[PDB]
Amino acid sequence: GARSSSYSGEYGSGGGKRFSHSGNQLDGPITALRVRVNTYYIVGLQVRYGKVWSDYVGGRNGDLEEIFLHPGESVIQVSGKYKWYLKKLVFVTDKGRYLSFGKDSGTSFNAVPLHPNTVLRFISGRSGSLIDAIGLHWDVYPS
């Protein structure tokens, strides 16, 4: 039909419990990221949609890294690495910024939109005390 949405599928394990930011789309485009990291793993994730933060997922012991996107800036590619749990995330923006988090070891993955000229609209995944898995949802913005 007319829709340009696409979904990467889940990268990582089947552990933990599912989360989805699908209901956060209405708040706005992604405008900021919070990624909690310890020495080995991605511990936790929060994403700001417009002005409103998602409900935090993951554990709380770790360095809380945060990146604030520039006005009009979107993510167009996400890569990373996992081994048992998520270990590395790289958010690539349409302003050419490569926003890396975590430690550079594990099985690699690389997710780009399945329809051209769409951007990262929200994320889903699985979590517990760590981030077990992540999935990327792409769409046009504005809608």
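Numbering starts at 1 and runs along the sequence shown. Between two forms, the rigid core is the largest collection of C-alphas that superpose within 1.5 Å.
Between 44-52 and 57-65, the larger mean CA deviation from the shown form in 6 other deposited structures of this protein, after core superposition, belongs to 57-65. The rigid core fit leaves 113-121 as the farther-lying stretch in 6 other deposited structures of this protein, judged by Cα positions and set against 30-38 and 113-121. For the pair 64-72 and 28-36, the mean Cα B-factor is higher in 64-72. The stretch 14-22 shows the higher mean C-alpha B-factor when 14-22 is compared against 120-128 in the entry. Of the candidates 42, 90, 112, 47, the one whose C-alpha carries the top B factor in the deposited record is 90.
For residue 8, the recorded CA B-factor ranks within the middle third of the chain. Only modelled residues enter the ranking. Annotation for residue 2: CA B-factor lies in the highest third of the chain's modelled residues. For residue 53, the recorded CA B-factor ranks within the middle third of the chain. Only modelled residues enter the ranking. Placement of the Cα temperature factor of residue 108 within the chain: highest third of the modelled residues, per the deposited record.
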